[PDB]
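Here's a solo chain for you in structure tokens, the form deposited in one PDB entry.
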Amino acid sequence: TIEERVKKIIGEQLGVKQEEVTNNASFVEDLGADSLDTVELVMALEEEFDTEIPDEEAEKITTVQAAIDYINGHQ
């Protein structure tokens, strides 16, 4: 129900339009990103809404489904 907002933020930070917004996609393998862009991505997700993500949970966010199932799993 809030996966579209996550995909919107990922699309905004990584510079991808609303057509390549595929669910279950790796950041480094399917979106052309690296560890630094990933850190800035997690910081963007925790930056849009006032919610915090620890380092252990942020390191596990290497795909899209990891980010979709971590902002809902910690409400």
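Shifts are known only where both forms have a C-alpha. Counting begins at 1, following the sequence as shown. Take the two forms, find the largest set of C-alpha atoms that superpose within 1.5 Å, and that set is the rigid core.
Sort the modelled residues of the chain by CA B factor and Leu14 lands in the middle third.
In the PDB entry, a CA B factor belonging to the lowest third of its chain's modelled residues is recorded for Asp30.
Ranked against the other modelled residues of its chain, the C-alpha B-factor of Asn23 as given in the entry falls in the middle third. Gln65 sits in the middle third of its chain by CA B factor, as recorded in the PDB entry. When the modelled residues of the chain are ordered by C-alpha B-factor, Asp50 sits in the highest third.
Beyond what is shown, the protein has a form deposited in another entry; the following relates to that form.
Relative to the superposed core, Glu12 undergoes a C-alpha shift smaller than 2 Å between the shown form and the other one. With the core held fixed, the Cα of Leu36 is displaced between the shown form and the other one by 2 Å or more. In sequence order, 34 to 36, 48 to 57 are the runs of at least 3 residues present in both forms whose Cα atoms shift by 2 Å or more between the shown form and the other one once the core is superposed.
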